[PDB]
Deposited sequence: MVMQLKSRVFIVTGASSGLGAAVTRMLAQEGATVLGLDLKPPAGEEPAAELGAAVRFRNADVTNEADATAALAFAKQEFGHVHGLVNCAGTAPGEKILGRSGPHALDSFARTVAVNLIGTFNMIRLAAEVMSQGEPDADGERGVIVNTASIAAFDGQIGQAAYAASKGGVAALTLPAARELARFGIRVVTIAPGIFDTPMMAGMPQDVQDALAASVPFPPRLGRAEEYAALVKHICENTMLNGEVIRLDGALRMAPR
């Protein structure tokens, strides 16, 4: 049960983050939802920014004493071709998508983990769970997804060395790679957009299933782009 477990949810104001936050709250969990702007406490923070990350962790210690969970859902999925009519893909645009998607989730990991590390382990020796949001684009990059695919491919790659290291402290790191979700016909089955709640239902299952660790789980109705 997640009851009285303290989770940090990133991208918490909408989409996958909102749905995870909601799921945790229904399970009696305690949540710090973090996002750039406003839609269980909510704080504003740029996950990319060191000082904002630090201050949200300091808010967590001070309000709650412990952190047992981190769910990285802050994310941007722009579309932009490597060679546009206009000229080449903006460099800034690519660096920014990498900064939000990859650097931000790493930033939340290095700092959340420091804290989970200090808490009481459970019966299995578990101290913490970290879940990240990659995307199916990490494996099936479509035209115009270069930045996005590279970004989420970095997240997907990060899972295993993070799992191997944090195993020491009994912290799990698992990554979900979602397909198309109804968030702010092609799909073999079910032939429809994923509902955020289905994403959250997998998140909770990772939280509960101690043997899931170091893996990237495709959640995509068998879609291949």
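Visitor: Could you give the ranges of the deposited sequence that carry no C-alpha coordinates?
Guide: Comparing the full sequence with the modelled residues, the uncovered ranges come out as 1-3, 43-54, 200-213, 255-257.
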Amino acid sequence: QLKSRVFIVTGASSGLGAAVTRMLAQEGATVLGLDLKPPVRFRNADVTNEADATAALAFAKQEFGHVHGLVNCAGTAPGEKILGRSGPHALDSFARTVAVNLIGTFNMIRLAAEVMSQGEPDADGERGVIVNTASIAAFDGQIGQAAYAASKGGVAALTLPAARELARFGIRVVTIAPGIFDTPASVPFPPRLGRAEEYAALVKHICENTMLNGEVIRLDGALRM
From here on, numbers count along this sequence of modelled residues.
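Visitor: Where do the C-alpha atoms have the higher mean temperature factor in this entry, in 56-64 or in 163-171?
Guide: Per the deposited B-factors, the answer is 56-64.
Visitor: Between 86-94 and 99-107, name whichever shows the higher mean Cα B factor according to the PDB entry.
Guide: Looking at the record's C-alpha B-factors, the answer is 86-94.
Visitor: Checking the record values for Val47, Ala177, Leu70, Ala200, which has the greatest CA B factor?
Guide: In the PDB entry, the greatest C-alpha B-factor among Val47, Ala177, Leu70, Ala200 is found at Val47.
Visitor: By the recorded C-alpha temperature factor, relative to the other modelled residues in its chain, which third is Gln142 in?
Guide: Its C-alpha B-factor belongs to the middle third of this chain's values.
Visitor: Can you tell me which third, lowest, middle or highest, the CA B-factor of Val6 falls into for its chain?
Guide: Middle third by C-alpha B-factor.
Visitor: What third of the chain, by the recorded C-alpha B-factor, contains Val40?
Guide: Its C-alpha B-factor belongs to the highest third of this chain's values.
Visitor: Among the modelled residues of this chain, does the Cα B factor of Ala12 put it in the lowest, middle or highest third?
Guide: Its C-alpha B-factor, which the entry lists for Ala12, ranks in the middle third among residues of this chain.
Visitor: Splitting the chain's C-alpha B-factors into thirds, which one does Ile136 fall into?
Guide: It falls in the bottom third of the chain.
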